[PDB]
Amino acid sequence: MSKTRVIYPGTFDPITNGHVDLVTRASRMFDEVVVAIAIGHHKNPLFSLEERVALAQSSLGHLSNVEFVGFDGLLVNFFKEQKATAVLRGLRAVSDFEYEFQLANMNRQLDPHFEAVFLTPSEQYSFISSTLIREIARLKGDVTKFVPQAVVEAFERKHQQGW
């Protein structure tokens, strides 16, 4: 009836090839995909919101139906303001499944129009998370295989600034 708009929220600290694959797949199935970068009040992020947004834009801007927005506040309010059809999340592991199952039910209690749909990662990206990529990079491991080029460069800048 209305054209579909899906929100893909996260901290994207930084964006990885796992995120890229999910957004690519989502962009084939929904009219509009909003990459929604939570400022991340607490759980302080390595990269600034601005840096995170720019890395997302550079990594995914080739997809013409994808938008990039920073947000703060509640997911469920952002959902309503965006007039979204659903939220999209990736499920890598059992702990993700459990957490998102709970969140979807809480958010649906907060707004009965809330919806959450899930994808599972492609096998070659199944282990990739931002947290793990940060840990490898922090120990000066090479993360080139797992993240876009701009992210590799951003990590190099971060080391030169003493992280």
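In this text, residue numbers run from 1 along the sequence as written. Only the largest set of C-alpha atoms that superpose within 1.5 Å between the two forms is called the rigid core.
After a core fit, does 92 to 100 or 45 to 53 show the bigger CA gap to the shown form in 6 other deposited structures of this protein?
Of the two stretches, the larger average C-alpha offset in 6 other deposited structures of this protein falls on 92 to 100.
Do the Cα atoms of 34 to 42 or of 106 to 114 sit farther, on average, from the shown structure in 6 other deposited structures of this protein when the rigid core is superposed?
Evaluated in 6 other deposited structures of this protein, the stretch farther from the shown form is 34 to 42.
For the higher mean C-alpha B factor in the entry, choose 122 to 130 or 44 to 52.
Between 122 to 130 and 44 to 52, it is 44 to 52.
Taking only the CA atoms, which stretch has the higher mean B-factor in the record, 106 to 114 or 35 to 43?
On average, C-alpha B-factors are higher across 35 to 43.
Relative to the other modelled residues of the same chain, rank the CA B-factor of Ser59 and answer lowest, middle or highest third.
Lowest third - that is where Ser59 ends up once the chain's C-alpha B-factors are sorted.
For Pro9, does the deposited CA B-factor place it in the lowest, middle or highest third of the chain?
Ranked within chain, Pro9 CA B lands in the lowest tercile.
Among the modelled residues of this chain, does the Cα B factor of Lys140 put it in the lowest, middle or highest third?
It belongs to the highest third of the chain when residues are ordered by C-alpha B-factor.
Quick check for you: using the entry's CA B-factors within this chain, is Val94 in the lowest, middle or highest third?
Highest third of the chain for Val94's C-alpha B-factor.
C-alpha B factor of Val87, ranked within the chain: lowest, middle or highest third?
Its C-alpha B-factor, which the entry lists for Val87, ranks in the lowest third among residues of this chain.
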